[PDB]
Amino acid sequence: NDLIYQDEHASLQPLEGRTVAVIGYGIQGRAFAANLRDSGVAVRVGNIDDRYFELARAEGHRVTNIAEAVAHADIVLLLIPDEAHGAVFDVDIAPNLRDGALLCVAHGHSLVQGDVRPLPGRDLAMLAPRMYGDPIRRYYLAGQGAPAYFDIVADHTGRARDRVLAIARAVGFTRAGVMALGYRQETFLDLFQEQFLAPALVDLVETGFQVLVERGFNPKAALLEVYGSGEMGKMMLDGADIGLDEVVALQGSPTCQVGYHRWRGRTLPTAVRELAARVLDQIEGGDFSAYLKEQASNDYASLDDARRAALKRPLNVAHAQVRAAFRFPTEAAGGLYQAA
């Protein structure tokens, strides 16, 4: 059956007198580094010479090049982009990773592609959060956490498991649950969410917007209804708690419930299911890996073009107009990652 660790199944004892090198200070790196520090764990940041290095220094961390961070650490968290794992692993990590040290990745992709490998005398694990940084940090400060998947890939020490789960406890994942799952299955699940589900959800919101605008509806009202009001986001996030069909049962007017249940299970043709299968085949069969390696070279120039093009889509032009005219509920983020 499933193996799920919560607070009662993990301790910070294994991190006593140990230094964690957080490699990278991006979406994941910044949240791990902040949460580890506030949990009373000795933390160092290893980063290349870019804005994240300066940010780590600004937020009161000990910041060096990656090689120096790895050399001075008992546990190394490789929280940089997956395509950068190969070169950073071979040049900066492997040569400096001490005897009996633990290397952790937060995604199985580099393990699947063979860019990160078990090293003699050393431990290798995946601790893969099911959430991005800002929520991981906000949850942690409220005494809450996001779920994670973990895999002990190589355990020379025999202590990898408790050290990985101690990191997971210190960063807050054990407040939700840390489930045993193979790095291979994590990779395919994770890439599936990013390549089928997220695009298809945004494509559908966009489809609702475009059809309403085509048929003479107020573009601001169209944008608000399909997501801009936050209603669809609230339904999906409350749904994570009580279930999606249950949100409609509890929070829906009878008119809303009658309409919802008329089309529930009837909106999507078989082609959607088939395209999801096609995306999974591309992820598993090496097609996506080749596409990603291509896109990575020239420092993701293609991705930059795609990002700028997206902002000029009618949906995102309409978003800008709505957000200028309607105040959205936000929380102050100033010093969110400074010491607690």
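Just so we're on the same page, rigid core means the largest C-alpha set that superposes within 1.5 Å between forms. Counting begins at 1, following the sequence as shown.
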Given a rigid core fit, name the stretch, 209-217 or 254-262, whose C-alphas are on average farther from the form shown here in 6 other deposited structures of this protein. 209-217
Greater root mean square CA deviation, 296-304 compared with 43-51 in 6 other deposited structures of this protein, core aligned: 296-304
Stretch exceeding the other in mean C-alpha B-factor - 327-335, 21-29: 327-335
Comparing average C-alpha B factors as deposited, tell me which of 92-100 and 148-156 sits higher. 92-100
One of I136, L127, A71, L224 has the largest Cα B-factor in the entry, namely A71
Chain-wide C-alpha B factor ranking for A42, given as lowest, middle or highest third: middle
Where does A277 sit by CA temperature factor within its chain: lowest, middle or highest third? middle
Lowest, middle or highest third of the chain for the C-alpha temperature factor of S229? lowest
The third of the chain into which the C-alpha temperature factor of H261 falls is the middle
Would you mind checking where the Cα B-factor of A34 ranks among the modelled residues of its chain, as the lowest, middle or highest third? lowest
